[PDB]
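J.: just dropping in an experimental structure and the matching sequence.
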Amino acid sequence: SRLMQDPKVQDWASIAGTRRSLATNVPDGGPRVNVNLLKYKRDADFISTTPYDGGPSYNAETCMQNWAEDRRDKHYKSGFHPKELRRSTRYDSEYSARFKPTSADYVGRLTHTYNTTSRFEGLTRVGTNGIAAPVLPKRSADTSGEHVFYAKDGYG
Amino acid sequence: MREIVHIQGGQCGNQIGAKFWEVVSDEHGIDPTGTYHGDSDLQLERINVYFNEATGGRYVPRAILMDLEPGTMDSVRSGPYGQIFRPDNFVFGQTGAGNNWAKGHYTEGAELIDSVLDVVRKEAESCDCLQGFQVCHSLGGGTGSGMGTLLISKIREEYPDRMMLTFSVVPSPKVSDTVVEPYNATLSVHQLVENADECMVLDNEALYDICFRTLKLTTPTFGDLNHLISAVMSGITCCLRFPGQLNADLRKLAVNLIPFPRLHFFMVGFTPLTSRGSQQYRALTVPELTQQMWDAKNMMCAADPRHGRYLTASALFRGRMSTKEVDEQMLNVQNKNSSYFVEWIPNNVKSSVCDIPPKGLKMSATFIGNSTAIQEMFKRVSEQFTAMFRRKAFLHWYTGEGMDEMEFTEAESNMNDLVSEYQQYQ
Amino acid sequence: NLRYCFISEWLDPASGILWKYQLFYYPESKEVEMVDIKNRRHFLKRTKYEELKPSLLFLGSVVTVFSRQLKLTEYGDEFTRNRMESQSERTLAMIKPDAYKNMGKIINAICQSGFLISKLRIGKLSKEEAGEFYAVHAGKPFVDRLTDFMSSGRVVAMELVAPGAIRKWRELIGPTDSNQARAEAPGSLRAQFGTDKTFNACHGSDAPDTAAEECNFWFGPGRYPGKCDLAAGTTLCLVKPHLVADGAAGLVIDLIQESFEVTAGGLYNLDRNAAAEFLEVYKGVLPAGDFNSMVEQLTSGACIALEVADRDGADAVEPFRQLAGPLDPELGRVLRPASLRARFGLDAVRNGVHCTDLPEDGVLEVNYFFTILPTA
Amino acid sequence: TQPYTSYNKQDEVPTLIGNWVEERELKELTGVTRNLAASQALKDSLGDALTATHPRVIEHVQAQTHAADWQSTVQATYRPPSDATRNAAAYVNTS
Amino acid sequence: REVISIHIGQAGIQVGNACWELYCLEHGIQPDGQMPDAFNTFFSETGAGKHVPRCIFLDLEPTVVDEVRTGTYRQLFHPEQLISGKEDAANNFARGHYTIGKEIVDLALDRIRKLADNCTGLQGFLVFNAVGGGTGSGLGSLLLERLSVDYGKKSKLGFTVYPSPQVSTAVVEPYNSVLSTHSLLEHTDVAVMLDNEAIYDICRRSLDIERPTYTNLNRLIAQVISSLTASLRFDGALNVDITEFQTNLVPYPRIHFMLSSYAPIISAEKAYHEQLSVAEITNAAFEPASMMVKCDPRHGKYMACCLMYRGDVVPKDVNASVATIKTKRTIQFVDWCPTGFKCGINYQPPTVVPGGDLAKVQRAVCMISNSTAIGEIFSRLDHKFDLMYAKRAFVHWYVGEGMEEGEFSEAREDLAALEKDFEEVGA
Amino acid sequence: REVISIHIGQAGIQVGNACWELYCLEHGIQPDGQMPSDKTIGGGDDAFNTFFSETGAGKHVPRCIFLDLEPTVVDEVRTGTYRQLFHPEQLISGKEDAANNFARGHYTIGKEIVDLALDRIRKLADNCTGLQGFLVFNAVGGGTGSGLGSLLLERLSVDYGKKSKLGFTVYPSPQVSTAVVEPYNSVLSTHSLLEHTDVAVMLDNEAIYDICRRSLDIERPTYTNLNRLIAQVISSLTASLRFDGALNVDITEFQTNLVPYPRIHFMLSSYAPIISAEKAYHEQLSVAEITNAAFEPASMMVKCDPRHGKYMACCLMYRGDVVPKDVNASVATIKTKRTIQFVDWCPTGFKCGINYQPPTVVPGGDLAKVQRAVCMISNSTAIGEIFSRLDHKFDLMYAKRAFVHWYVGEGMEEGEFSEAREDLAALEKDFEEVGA
Ligand SMILES: Nc1nc2c(ncn2[C@@H]2O[C@H](COP(=O)(O)OP(=O)(O)OP(=O)(O)O)[C@@H](O)[C@H]2O)c(=O)[nH]1
Ligand SMILES: Nc1nc2c(ncn2[C@@H]2O[C@H](COP(=O)(O)OP(=O)(O)OP(=O)(O)O)[C@@H](O)[C@H]2O)c(=O)[nH]1
Ligand SMILES: Nc1nc2c(ncn2[C@@H]2O[C@H](COP(=O)(O)OP(=O)(O)O)[C@@H](O)[C@H]2O)c(=O)[nH]1
Ligand SMILES: [Mg+2]
Ligand SMILES: [Mg+2]
């Protein structure tokens, strides 16, 4: 019943028959056991937006690796509100503070659209940290979104 | 399933067997009254190998007892675990041989071997799938060596396909019990090279020095030596009785250790062996078992392995273990002292693991070395045999019984041929 | 050199793996430490946290050290076991409908006198289960009338755990007579809020077994007796783990009962998943970080749920929300000092209480807390 | 090499000549030092064959594994999947 | 589509006991037999609410078999589908091939025939065994022969357990391995080696378990098998079947021996550590420190490789990684064959076992290549067979069972011929 | 990081009997060898691993061997309170004493006992993994601790060589002395103690007598009290390995920071605050005063005058509640003071060290529980005065060939006497040269 309270039992149902030894006690370790096998080199051109090498990619929140074409995609949700509608001190870029939408009417149009559709369009995909998980394609034919005939819906 | 029929000959065989059935009864958790009183269900599944259910859980052993003087039978039944042997397995003469190979092999054998053959047959067809026979006896005595060897010949004639292990003690010069030890040793080993499958040589001096050094007992009576030999026997047969990671039966050990049909005299060891006062120093890990296992002072025979070359070796491990550490330890002990192993065989060491340690232990091992240093022991006997035969000492008590001189010449020639072959492969 | 060693498991949300950590608390240095059972490696050097309260562990709670909500599942050492089991003693301390009108005062008296309310419920029993309770006195006509009286009002049934709990509690009760205790020791509760020998208010238990079966009846493995609930016009109020830890629950229950009538109540831990689902209204409403902090604060320990009603019977959400004051604890304090979030609300995520803000969802939230949470 | 035991003839090891240390350890464990015959002879016909001989030859009080702990490796490694609770860290079901 | 698996020997059924644990866990089958259509390739549905595997365990010692019969999976296995002889073959090819085989294999194939008849869309057979022993090598080869004469055209994927060069458990495994391979050549269609030293080095290096037993080996071998069967079991973007190994990896009917690899071999703490991506695991599947057979492909030239992918795999990335591999000059391909890759993708990620040391990975790669380092392996075993045979060691055991020295000499010259073939191909 | 300790002689194993008592109560180990069943040892607690190896489950055997020829003190240990701590195969014991005879202990009985010592220390080092070094305990005045102690050091140096050997020796005091030929034994020990050990710390007896007389105000001490505070010094110097500090040092540091020349390795030790239970309540013990207290000769472990010498280097262990600001301020004040002076050619002469765990008390002991403590290990030329003092009384007895016939009766000659005498003379010249 007391599996972790007393060690001899720990030995008893350890598979090997003995419990893991202390770090200092183990004869071989450290620099030898390093799993550096999962290593690669990313060849990056001076202005390449996205990597074709096949290395891992940063999230769309981070501004790198073809972030622009992604931020500007239709099935992409950001856990935080856009800069144009933000309101406080604390993390105002100098440019952002001085350059704000001049016309209150324009702000009104902006806020109507944003609130009705994009603010709560998706919320399940939002994780605990607030960083939306990328939609993961399932099935051979699954298409993320329309790319060729882009103007599927017109006039709004 | 696979069935081991135990045979005990003479005084040494009867007392060793008495301790052996004590240990086996211990490890299967049966009380000396004959009923099961263990707790784990790992034990009820493999008692058919060593016992038979009679009625009401009365598990009686499948053993045959053989001697010629009622002193040994009384010592069998006077001790605990005495009244579990079947009264019909007390097959037993009345006159006594007394250190005479001729008496034990031609006169007393003539009217005792038929009745014990009736008993061994009955106890053989009583079970279904024989694994083989396991016999424990001596070589110096008369009623053990001669009678037992005649039985070995008779059973290897009738059942030629079953395995056969012989645990036989051999004489020693500094500890020499009887006077005609060479006259009995030579004739018995001459018959064992032709009939027994594999012989695991024991001796008293090596056991004696073991209780000196490793156990640090003050007075090692026979009960201690008998328990050590019995511990080795259980360590051998552990594979059939308990599940393991790599099971290794008796035939599996014979093919991994016998490269040539006459080349089958092993030496044995057992680990761990530490004193009562030092049970706490040691941890139970593979290196600490192995440094003791390959120690020359842990051999149960008086043949220094450092004075020859190992041909093959085998290790039977018991207890939950890590096979990686088991094998890398075997590889290290094979590579470090590489000169002591034969050259034309790679991987001299067979290993095996079973998951149940002997009761009172955590992790044990049993070593069986088929070395070439055993010719030292046989030369130790042959020079004494030639010294006696040179002037026909004590010969007439053999000649007057039917035996002639060419028997002695045949025994000496064969033993000399055998030690020549060991010297060849060294 | 003192250790209190517990076994406490933590499941990282990211890997979804639950491992057991050995958690040592040194009460002399107000210091904490923990090691990993599986890999036999240190997890904390032996850092001095002193954030935690040596009253807050008690083998049940969730301790928070470096943003790891880890709950203590088992007693690590026999020495710790003995020392703690010597402290923890089970008692039932239900109140009677007479002083129910001032339960918060009584509960504040309890928490200040030194106790731990491990379980709490508020319900009114019908006569059948009323007779189920007090069953061992089925023959007495005195008790045969008590088993009817007790089923009239709204009864608080609450457990208490403390060293010498039975003794200390039965003492603070005072003898079955109210008036002679008023004459002897007015500080005793039954003397402070007692009418007659039959209209006492501060019932408790007297023997360990006769407390075991009574707590089993009230709390039980899966029992929910005499549920008292209202349909509409009544709002919710969540007394957060902060105030139940610092015992201030007594200071707020009476503070709200003076103006409103509590209808139901209960103290029950709640899971992250369950806690997060309950605040779904606030996901798109608040920034992600602050909503996360709120949900984890709500799942950071025990919490009390008062089902606040109104006197007139018109509506509760509007007046009670003003009673709570501004959501910010600090902003409310400067211009709304009468609100309770200003009175004992600590900080932004550590505010005092939680109150529903849309009159549409009052019934939704209360019926969630009082039907769907217990039956799941 | 050779033990020297001319003292402590009686079933007690007061003096420290010879190998008193393992003799003393054995005395606490079985109550009989050297041969079981000597103790009976002092206590006082019968011989000395009847000896316990387990705790003298092979036994390790600390590392003894009770038959309750006897389990084959396959049993100890293929636990029922649904309720396995012999491991510290396991991926918990998290619907 | 259905596939049946047979397990021979002490190693065969212990690996199978890990493999069928993984299958039950992957399709969510309780160990008593019922769920709380993709399973149809392994578990048949009997009656209502009951699944019974398409497998046979067989051995000549009844110990480990009825050890399974009293294990955790008692109701799951068919009582009859566990064949058990009464006595061992004891590291003896002739004993395992002529004495007991003649009475065990008839019942075995009379059982596998009605397994196949209850099946409908049989893909082929898939056999696990070890050649170093007597039970697995002897009647494993005998059953392989008699399955070939019965069905033949059905492929037979063989996952064998060879002896490692220095780490070794027996003595006569040279003889048993040699006499096994003479039939492993002409009857197995695709043979995959599974050493023991290489996996020990993997378990001590990657998963850093310092005292590894056979179970850990059996668990990650099960991972490999389930990874290369995942294509038939689940739907993926680019599915491959059992007939593909036959075609895309066997350029000549006598060269079918594969080096295997699996990535990522990562414990529960290093998954948090490392950012698993397709490029580095495709790289990591090629270093010798991640192959399941102890040999160095730097000494040889690849002929053809196959790569199963499980989990979140986008084809642009796998194509890019293998492009960087082809342009990398550390490893070299043979020119006889220019386009020597084959990919395959399945959607589901590999599962974990409670108590396993492998963490829940997002994506995994199983590489099955062909090379000439295998030709180096057979020579390394050939030399130590010659050392022993020159002195006529251990021969009397086999001859006593009934064989001669002719089968020794012809199996020796057979392996010599195969040595000449790998030398000619590698050119 | 592990270090093992060998105890050679009557004095050594009595010091060890006090030292290992201190260690087990520092780690909360009951004398039977295992922790109290009530509390549970931390799963990943390797603090005790540096000395104690955990064999199996719930047992800790020290990494040390007591060895001597006379069996009286050894089997006293075997029957004492710590029977269960050392089980009896490490406690090596001879059959007859060397009896204050260096030749008899280095040639006659050493040849029988040293091989057993070596092949036991071999398997102890084989159980060991990250061996830092050895540390030996002996009093060079006697015969056993001197003679075979020198032989054991010689064969250890030829076995490992590169590993450091901390030699805590006990030199004979000038006026207080219980032996007669200990001058002879001391010169013959030094002839090998020079070229074998790397770091050798002197502990005199009269100095410790004066410490317990003055500070601990014990008018009459026995050897129990002396060995008790010696154990305090050893434990204070190894606490940097056993317990994590803010600024820790290992065994190899004294090898570098303290030994400027490969022959000048003799370190005066001292300790503070050596204070009783009453002086403690009355007097506050902060860092500045204990740093001062560590430098007067009234608290040193060797009866010598550091004012007559110039410091080559110093090292300061601080245990307990010590922040680095005020140890920094204190060594600043010491460096600016002119009552003591460092040797001119080395400007930086300090080696500070801070450890968190304070020193503990022993039950029945006389030292009270202090919040902090200081162990000073220095190097000066006063030792060069000490060796001359021993050299004088060696030459006085050698001038009449007194007691020489015992050594020659054992098998030695006059050559080793003359060469040891000139060896100490060359040693004297080297201290006088370096001090300039
Ligand atoms: N990797 C791995 N190898 C195993 C396992 N079990 C057995 N083996 C290998 O099998 C080889 C010996 O053959 P065994 O399986 O033990 O026995 P066998 O093949 O059935 O032949 P017999 O002993 O005659 O019954 C050993 O060298 C092991 O390497 C296992 O569970 N995992
Ligand atoms: N510090 C300390 N020194 C001691 C103690 N006992 C003896 N000594 C010193 O040891 C010196 C003599 O050597 P001993 O230790 O008594 O005996 P030995 O070194 O074993 O040499 P033998 O007597 O020949 O065996 C004396 O000058 C004492 O100063 C002790 O308990 N503590
Ligand atoms: N170890 C051991 N050896 C024994 C025992 N009984 C006899 N022997 C040995 O057997 C040899 C004599 O055997 P013996 O009794 O004459 O055989 P038998 O007369 O034919 O039965 C002697 O060298 C003894 O050392 C025993 O119980 N234990
Ligand atoms: Mg097998
Ligand atoms: Mg002395």
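T.: Cool, got the structure. Numbers count the residues shown, from 1 in each chain, chains lettered A, B, ... in the order given. Ligands and ions are numbered 1, 2, ... in the order given.
J.: which helix of chain A spans the most residues?
T.: helix A:104-113 (DSSP state H).
J.: so what touches that one?
T.: Residues from elsewhere that reach helix A:104-113, judged by C-beta atoms under 8 Å, 6 or more residues apart in numbering or on different chains: A:84, A:85, A:101. In short, each C-beta sits where N, CA and C put it, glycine included.
J.: same thing but at 10 Å, please
T.: Residues from elsewhere that reach helix A:104-113, judged by C-beta atoms under 10 Å, 6 or more residues apart in numbering or on different chains: A:82, A:84, A:85, A:100, A:101, A:103, A:119, A:156.
J.: pretty sure the first one contacts residue A:114?
T.: Okay, so that is residue A:82. Yes. Under the criterion of C-beta atoms under 10 Å, residue A:82 is in contact with residue A:114, at a separation of 7.1 Å.
J.: ok, the two, which is more surrounded?
T.: With other C-beta atoms under 10 Å in any protein chain shown as the criterion, residue A:82 and residue A:114 differ in neighbour count, and residue A:114 comes out ahead with 14 against 11.
J.: can you say which two of the contacts of helix A:104-113 are spatially most distant?
T.: Maximum pairwise distance in these, criterion C-beta to C-beta, is 24.8 Å, between A:100 and A:156.
J.: quick one: stretch B:300-318 near ligand 3?
T.: No. On the criterion C-beta under 6 Å from any ligand atom, stretch B:300-318 is out of touch with ligand 3, staying 10.3 Å away.
J.: tell me how far that stretch lies from the chain's centre.
T.: A distance of 15 Å separates the centroid of the chain from that of stretch B:300-318, by C-alpha atoms, centre = their mean, to the nearest Å.
J.: briefly note if it comes near chain A.
T.: No. Among the residues of stretch B:300-318, none lie within reach of chain A under C-beta under 10 Å from any C-beta of the partner chain; the closest is 11.0 Å away.
J.: end-to-end on that stretch?
T.: Start-to-end span of stretch B:300-318 (C-alpha to C-alpha, to the nearest Å) is 19 Å.
J.: how many neighbours does the closest residue to residue B:402 other than its chain neighbours have?
T.: In this structure, residue B:402 finds its nearest non-sequential neighbour in residue B:106, 4.9 Å apart by C-beta to C-beta, 6 or more residues apart in numbering or on different chains. A count of neighbours around residue B:106, defined by other C-beta under 10 Å, yields 16.
J.: what is residue B:133 paired to in the beta sheet?
T.: Beta-bridge pairing of residue B:133 under DSSP bridges involves residue B:5, residue B:164.
J.: repeat that for residue B:63.
T.: residue B:6.
J.: show me what contacts the closest residue to ligand 4 within the stretch 201-350 of chain E?
T.: Of the residues in the stretch 201-350 of chain E, the one nearest ligand 4 is residue E:214, at a distance of 12.5 Å by C-beta to the ion. Contacts were defined as C-beta under 10 Å, 6+ apart; by that measure residue E:214 touches B:245-246, B:322-324, B:353, D:73-74, D:77, E:10-11, E:14-15, E:18, E:196, E:199.
J.: among these, which ones are in helices?
T.: In helices, defined here by DSSP H, the members of the contacts of residue E:214 are B:323, B:324, D:73, D:74, D:77, E:10, E:11, E:14, E:15, E:18, E:199.
J.: residue A:100 and residue A:156: who's more crowded?
T.: Neighbours per residue (other C-beta under 10 Å) separate residue A:100 from residue A:156, with residue A:100 holding more: 12 against 4.
J.: where's the more buried one, which helix or strand?
T.: Remark: residue A:100 resides in no helix or strand, with elements defined by DSSP states H and E.
J.: hang on, the earlier thing: are we agreed that the residue nearest to residue B:402 is in a helix?
T.: Yes. With DSSP: H, G, I helix; E, B strand; the rest coil as the criterion, residue B:106 is part of a helix.
J.: from chain A, how far off is it?
T.: Here residue B:106 is placed at a distance of 54 Å from chain A (C-beta to the nearest C-beta, to the nearest Å).
J.: look up the closest residue to residue C:241, ignoring the ones flanking it.
T.: Leaving out its chain neighbours, the residue that sits closest to residue C:241 by C-beta to C-beta, 6+ apart is residue C:301, at 3.4 Å.
J.: surely the one you found and residue C:58 touch.
T.: No. With the criterion set as C-beta under 10 Å, residue C:301 and residue C:58 do not qualify as a contacting pair; they are 11.0 Å apart.
J.: just the CA trace of stretch E:130-146, in PDB.
T.: In PDB, the C-alpha atoms belonging to stretch E:130-146 read as follows (Å, rounded to 0.1, in the frame of the first residue of the first chain):
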ATOM      1  CA  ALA E 130      15.200 -15.700 -32.000                       C
ATOM      2  CA  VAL E 131      17.700 -17.800 -33.900                       C
ATOM      3  CA  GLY E 132      20.200 -18.200 -31.000                       C
ATOM      4  CA  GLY E 133      18.000 -20.800 -29.300                       C
ATOM      5  CA  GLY E 134      16.700 -24.300 -30.200                       C
ATOM      6  CA  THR E 135      12.900 -23.800 -30.000                       C
ATOM      7  CA  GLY E 136      12.800 -20.600 -32.000                       C
ATOM      8  CA  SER E 137      15.400 -21.500 -34.600                       C
ATOM      9  CA  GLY E 138      14.500 -25.200 -35.000                       C
ATOM     10  CA  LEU E 139      10.800 -25.400 -35.400                       C
ATOM     11  CA  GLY E 140      10.600 -21.800 -36.400                       C
ATOM     12  CA  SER E 141      12.500 -22.700 -39.500                       C
ATOM     13  CA  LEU E 142      10.500 -25.900 -39.900                       C
ATOM     14  CA  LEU E 143       7.200 -24.000 -39.600                       C
ATOM     15  CA  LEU E 144       8.500 -21.300 -42.000                       C
ATOM     16  CA  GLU E 145       9.200 -23.900 -44.600                       C
ATOM     17  CA  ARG E 146       5.800 -25.600 -44.300                       C
END
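J.: could you report the neighbour count for the closest residue to ligand 2 within chain D?
T.: With C-beta to the nearest ligand atom, the shortest gap between chain D and ligand 2 falls at residue D:16, namely 18.0 Å. Residue D:16 sits with 19 neighbouring residues when counted by other C-beta under 10 Å.
J.: element containing residue C:73, please.
T.: When elements are defined using DSSP H and E, residue C:73 is found to belong to strand C:69-75.
J.: nearest residue to residue B:169 other than its sequence neighbours?
T.: Taking C-beta to C-beta, 6+ apart, and ignoring the residues beside it in sequence, residue B:169 has residue B:202 as its nearest neighbour in space, at 4.4 Å.
J.: same for the strand or helix carrying that neighbour, what does it pack against?
T.: Residue B:202 belongs to strand B:198-203 when elements are defined using DSSP H and E. Here strand B:198-203 is seen to pack against strand B:129-138, strand B:163-170, helix B:181-195, helix B:222-236, helix B:250-255, strand B:265-271, strand B:364-371, helix B:374-389 when contacts are counted using 3 or more C-beta pairs under 10 Å, 6 or more residues apart in numbering or on different chains; DSSP states H and E.
J.: which stretch among the ones you listed comes nearest residue C:328?
T.: Distances from residue C:328 to each of the helices and strands packed on strand B:198-203 were compared by C-beta to C-beta, and the smallest falls on strand B:364-371, at 71.9 Å.
J.: burial check on the residue nearest to residue B:59 when sequence neighbours are not counted, number of neighbours?
T.: Among residues not flanking residue B:59 along the chain, residue B:51 sits closest, at 3.8 Å (C-beta to C-beta, 6+ apart). As a burial measure, residue B:51 scores 22 neighbours (other C-beta under 10 Å).
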